[PDB]
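Have a look at the structure below before the remarks.
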Amino acid sequence: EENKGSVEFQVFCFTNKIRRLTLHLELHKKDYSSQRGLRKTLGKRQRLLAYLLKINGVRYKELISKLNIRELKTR
Amino acid sequence: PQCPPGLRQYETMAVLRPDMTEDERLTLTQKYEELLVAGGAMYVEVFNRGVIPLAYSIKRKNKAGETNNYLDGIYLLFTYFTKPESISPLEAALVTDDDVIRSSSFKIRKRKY
Amino acid sequence: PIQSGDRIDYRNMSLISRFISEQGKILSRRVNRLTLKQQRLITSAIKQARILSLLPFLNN
Amino acid sequence: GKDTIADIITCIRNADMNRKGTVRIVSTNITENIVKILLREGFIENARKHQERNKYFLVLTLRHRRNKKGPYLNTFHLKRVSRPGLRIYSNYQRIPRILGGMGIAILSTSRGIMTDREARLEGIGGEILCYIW
Amino acid sequence: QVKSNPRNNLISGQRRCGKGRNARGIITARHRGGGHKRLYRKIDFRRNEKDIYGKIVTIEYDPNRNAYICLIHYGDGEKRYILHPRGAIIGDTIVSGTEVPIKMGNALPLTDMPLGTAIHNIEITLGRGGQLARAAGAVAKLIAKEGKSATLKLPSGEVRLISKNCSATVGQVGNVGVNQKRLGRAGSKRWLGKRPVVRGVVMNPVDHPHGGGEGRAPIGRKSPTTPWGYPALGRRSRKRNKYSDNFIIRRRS
RNA sequence: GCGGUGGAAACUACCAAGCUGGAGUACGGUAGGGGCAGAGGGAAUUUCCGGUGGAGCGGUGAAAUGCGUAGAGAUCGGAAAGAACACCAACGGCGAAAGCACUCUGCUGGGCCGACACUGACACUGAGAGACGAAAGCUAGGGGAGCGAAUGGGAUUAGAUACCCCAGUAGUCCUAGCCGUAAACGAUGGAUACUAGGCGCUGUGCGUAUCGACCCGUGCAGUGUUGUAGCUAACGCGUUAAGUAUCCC
Ligand SMILES: [Mg+2]
Ligand SMILES: [Mg+2]
Ligand SMILES: [Mg+2]
Ligand SMILES: [Mg+2]
Ligand SMILES: [Mg+2]
Ligand SMILES: [Mg+2]
Ligand SMILES: [Mg+2]
Ligand SMILES: [Mg+2]
Ligand SMILES: [Mg+2]
Ligand SMILES: [Mg+2]
Ligand SMILES: [Mg+2]
Ligand SMILES: [Mg+2]
Ligand SMILES: [Mg+2]
Ligand SMILES: [Mg+2]
Ligand SMILES: [Mg+2]
Ligand SMILES: [Mg+2]
Ligand SMILES: [Mg+2]
Ligand SMILES: [Mg+2]
Ligand SMILES: [Mg+2]
Ligand SMILES: [Mg+2]
Ligand SMILES: [Mg+2]
Ligand SMILES: [Mg+2]
Ligand SMILES: [Mg+2]
Ligand SMILES: [Mg+2]
Ligand SMILES: [Mg+2]
Ligand SMILES: [Mg+2]
Ligand SMILES: [Mg+2]
Ligand SMILES: [Mg+2]
Ligand SMILES: [Mg+2]
Ligand SMILES: [Mg+2]
Ligand SMILES: [Mg+2]
Ligand SMILES: [Mg+2]
Ligand SMILES: [Mg+2]
Ligand SMILES: [Mg+2]
Ligand SMILES: [Mg+2]
Ligand SMILES: [Mg+2]
Ligand SMILES: [Mg+2]
Ligand SMILES: [Mg+2]
Ligand SMILES: [Mg+2]
Ligand SMILES: [Mg+2]
Ligand SMILES: [Mg+2]
Ligand SMILES: [Mg+2]
Ligand SMILES: [Mg+2]
Ligand SMILES: [Mg+2]
Ligand SMILES: [Mg+2]
């Protein structure tokens, strides 16, 4: 189904699992074990976005405009 | 065969006081079956093994204020498939009744050794 | 030699009471010569049964 | 695997110290060349290539044990010089020679890889990959 | 939370006026006087109107007690005030009767309350109206019941018997953080009509049992004393034989 | 050494296209005291209310304080409360570390394994910065059985502000915060590659055994004990290096 390994799909899967985890981080704030993971995964997504910005500018800007991902910290 | 579509498998054991008749027993049966089904339970399968002496004595207080000391007991066994969301009120509702002295519920995992 | 071919649960009391001592204590894995996985499941079982008064904590 | 060259060199050193004739190394232009040179110098018995799952392995036969495994007067030493952190280059007149020439020095230069001897004939300097005793 | 409505028929101006003056006009209860004019909200403490379904329209401020109060409607159109239970939100539904669900704001006799419940607004007398546990954050557990009598643990800690046929309401009384206020200044007390208090040691010997010694008085009195000559500390004033005594079991600690 | 110019194109660097073995994604499995939250359970102990009973209990190296005829301890029956979870438990499991174990359910973090299903270098480390971080301690509100700094009494002793005993306040618990330290230890930073074995265990996969439990041989992933090469000042470490090499702090 499309490319399940593609940059844009992976970044989507990460963004979605993150917004899913935000709800559990809210209901129980005292779970740090979970948050440590959230930080890891958010780190991966950030990584791929940076890589993707290096490789192709158009696909990148399209993607972070599309999935509502915040603009990058290189500015 | 059992095949849940987006539900979890469950076993529940409940224990009732030995002084009960079969009509009060089937009244509770009916009540909890209806609770399960109202909570989105396909396949409510009920089974019963009654009046076995307990390992140890158990005390239950009633709403009438009675202290009931028991020896025997009535074991009801429930195999049902429910949303993981709705198992929550069931256990409290089981603890609530004066007829259920000891209740417990288990999730069932497939055995592979 | 000895083995479990039937599903172990808290409600097979023959099964569990094989693995319980005289005084109701749970026997160690070294004695019962079971795989680790087995002994764990046994133990959880014995406890759950213990709460349902199928098997006693202490004796009479 | 930050450095492939040093890795080849290292696997050789390890197989050698353990008194084993046979080594598997991963091939590459550099690897292959280096090994070729290693053969025309006479430091290594024989080389050959293998392929599986699109991986290339050069296996290297190594010079036999010295008149037993226990009483060894000689080992065979390898040393990385220019490495990713510090790249060492030399002109024609700084080109190193090992132990008065008994060993050799490997150079990567404009005309390809070679020994210091070839560099001296042709008059070229370059990047020094390793030393070999 | 707090929004002023127009005036419902429940809010009047009629009242005692001189605070702490009795018939003779003497000041009896000291320290009152001054402070903002207030209106009386007619609370429904009895909740005696049975078996109709009430609905919380709003939540309002009351000057008279530190709790909150709720305007509730009915289908009949009658409007009452009730004490605001803790955790209740506008749109909620409440009811009183005998056979009733047990939830926040419902009112029932003590015959029907499951033991261990947390109660407020408790009649000691049938139909007299609710009396015990009416303040902010006040609550009482129903511990046990036997014979014609039910047992409570009052917010003072005191355990006491009452009648099993006396109505009471589930849920603790709202506005729990009110004592977490810090008034911060003198004026803020005076707004409440609480006037300044003079320490005994300060006044002259005629005026009070710790009277002026020369510089500053330690109380030489062999005991700390009321303005009126009674031991101030740890002398129990409960009437010895008062009728209530059979009912009262353990005393507040 | 610096500057100009003519050549060379292996290595670093750049530019264009490729490739999976590195790193990930999907799929399908499976173990687990991983974390947070909500239910339930039993011993034992202490106190309180009774019945019996009627002189000592308790305690030490030996005693005494203490508790006891106002009926102690003992024993039976009742209530109530808090805290901790016997056996299982193991030279076992998971966790980044701290830590995590009566039972259950719910929300959720990773890990590993088998398949080409896919992307195609997306990697490794990390100055500053962030988050977590035993116990004690502190702020605010609860809670308080046992234990127990402080404190008091009894002894012991030249003395005893100690060890021992009798009492016992903070605290230990819960909620919301702060503190940010420990022999926070493997006294061993992280990643990768490569170098005899023997005996073990945990999770899985394959073949065999039977057609389901073993059983065997093996592939990985982690975990433990002896030990060759090599290393080391010695002790020792030794595929989970303190060996042989590369990179970062
Ligand atoms: Mg130069
Ligand atoms: Mg008016
Ligand atoms: Mg009007
Ligand atoms: Mg007058
Ligand atoms: Mg004052
Ligand atoms: Mg004053
Ligand atoms: Mg004066
Ligand atoms: Mg006067
Ligand atoms: Mg006087
Ligand atoms: Mg005086
Ligand atoms: Mg003076
Ligand atoms: Mg020049
Ligand atoms: Mg080139
Ligand atoms: Mg490229
Ligand atoms: Mg919890
Ligand atoms: Mg008990
Ligand atoms: Mg007698
Ligand atoms: Mg005495
Ligand atoms: Mg007395
Ligand atoms: Mg007597
Ligand atoms: Mg006693
Ligand atoms: Mg309890
Ligand atoms: Mg581990
Ligand atoms: Mg623990
Ligand atoms: Mg999980
Ligand atoms: Mg491609
Ligand atoms: Mg730092
Ligand atoms: Mg912190
Ligand atoms: Mg602490
Ligand atoms: Mg202090
Ligand atoms: Mg405190
Ligand atoms: Mg205490
Ligand atoms: Mg003590
Ligand atoms: Mg002393
Ligand atoms: Mg004192
Ligand atoms: Mg002394
Ligand atoms: Mg004590
Ligand atoms: Mg805290
Ligand atoms: Mg330090
Ligand atoms: Mg530690
Ligand atoms: Mg075997
Ligand atoms: Mg391994
Ligand atoms: Mg060791
Ligand atoms: Mg060793
Ligand atoms: Mg060293």
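Just so you know, all these numbers are worked out from the coordinates, no wet-lab data involved. Positions of Cβ are generated from backbone atoms using ideal geometry, with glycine treated the same way; all protein chains shown enter the neighbour counts.
Computed from Cα positions, the angle between helix D:29-41 and the longest principal axis of chain D comes to roughly 80 degrees.
For a footprinting-style exposure proxy, rank E:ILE102, D:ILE9, D:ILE37 by other Cβ within 10 Å, fewest first.
By the 10 Å Cβ count, ascending, the order reads E:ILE102, D:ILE37, D:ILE9.
Label reach from D:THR28 (point 7 Å along Cα→C-beta): in region D:111-126, amide nitrogens under 19 Å belong to D:112-114. Taken along the Cα-to-beta-carbon direction at a fixed 7 Å, the label points for E:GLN180 and A:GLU1 span 4.7 nm. Residues of region B:89-113 falling in the label zone of B:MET20, defined by backbone nitrogen less than 18 Å from a point 7 Å along Cα to beta-carbon, are B:90-106. In the protein assembly as shown, taking the dipole from charged Cβ atoms about the Cα centre, the farthest positive-side position among E:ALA144, D:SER110, C:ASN59 is held by D:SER110. Amide H contacts of D:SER27 (H built 1.01 Å from N, in plane; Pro and chain starts excluded): D:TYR56, D:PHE57, D:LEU58 sit under 5 Å, all sequence-distant by 5 or more or on other chains.
What is the calculated FRET efficiency for D:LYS55 to C:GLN23, with r their C-beta to C-beta distance and R₀ = 60 Å, to the nearest 0.05? The computed FRET efficiency comes out at 0.45. Let me make sure I get this right: for chain E, a, b and c are the square roots of the gyration tensor eigenvalues over alpha carbons, sorted descending. Under 1.5 in a/c it's rounded, otherwise prolate if a/b > b/c, else oblate. Which is it? Note, shape of chain E comes out oblate.
Relative to the longest principal axis of the Cα atoms of chain C, the long axis of helix C:36-51 lies at roughly 20 degrees. The amide H of B:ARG8, built 1.01 Å from its N in the peptide plane, has B:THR82, B:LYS83 as neighbours under 5 Å, considering only residues 5 or more places off or on other chains. Taking amide H positions as modeled 1.01 Å from N, with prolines and chain starts lacking one, the residues under 5 Å from D:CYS130 and 5 or more places away or on another chain are D:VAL81, D:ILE106.
Across region E:230-243, rounded Karplus estimates of 3J(HN,Hα) from the backbone phi angles (6.51 cos²θ - 1.76 cosθ + 1.60, θ = phi - 60°) give 10, x, 7, 10, x, 10, 6, 9, 4, 4, 3, 9, 3, 3 Hz, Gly and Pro being marked x.
Once the convex hull of all Cα atoms in region E:1-95 is built, its volume per residue stands at 134 Å³.
Cβ crowding within 10 Å, taken as a proxy for footprinting-reagent exposure, orders E:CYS17, A:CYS13, E:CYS166, E:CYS70 from fewest neighbours to most as E:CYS17, A:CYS13, E:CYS166, E:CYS70.
For the pair E:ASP51 and E:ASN64, the difference between a 0.36 nm per residue extended length and the Cα-Cα distance amounts to 1.8 nm. Here the Karplus relation 6.51 cos²θ - 1.76 cosθ + 1.60, evaluated at θ = phi - 60°, turns the backbone of region E:205-218 into coupling constants of x, 5, 7, 5, x, 9, x, x, x, 4, x, 8, 9, x Hz, with x for every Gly and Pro.
For region B:35-51, the residues whose backbone nitrogen is under 19 Å from a point 7 Å from the Cα of C:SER14, taken along Cα to Cβ, are B:49. Fewest-first ordering of E:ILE43, D:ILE5 by other beta carbons within 10 Å of each residue's beta carbon gives D:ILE5, E:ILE43. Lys-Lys pairs in chain A that are eight or more residues apart or on separate chains and whose Cα atoms lie under 26 Å of each other come to 29.
Shown in residue order for region D:8-21 are the 3J(HN,Hα) couplings computed by the Karplus curve 6.51 cos²θ - 1.76 cosθ + 1.60 at θ = phi - 60°: 3, 3, 4, 4, 3, 4, 5, 5, 5, 5, 8, 6, 10, x Hz (x for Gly and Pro).
Placing pseudo-labels 7 Å out from each Cα toward the beta carbon at E:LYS19 and A:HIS28 gives an inter-label distance of 5.1 nm.
When +1 charges are put on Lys and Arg Cβ atoms and -1 charges on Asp and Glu Cβ atoms, the dipole computed for chain D relative to its Cα centre reaches about 500 debye.
Candidates E:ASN5, E:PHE247, E:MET104 compared by Cα position along the dipole of chain E: farthest toward the positive end lies E:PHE247, with charges placed on Cβ. In nanometres, what is the gap between the two model label sites at A:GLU62 and E:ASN246, each 7 Å from Cα along Cα-to-Cβ? If labels sit at A:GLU62 and E:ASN246, their model points lie 9.0 nm apart.
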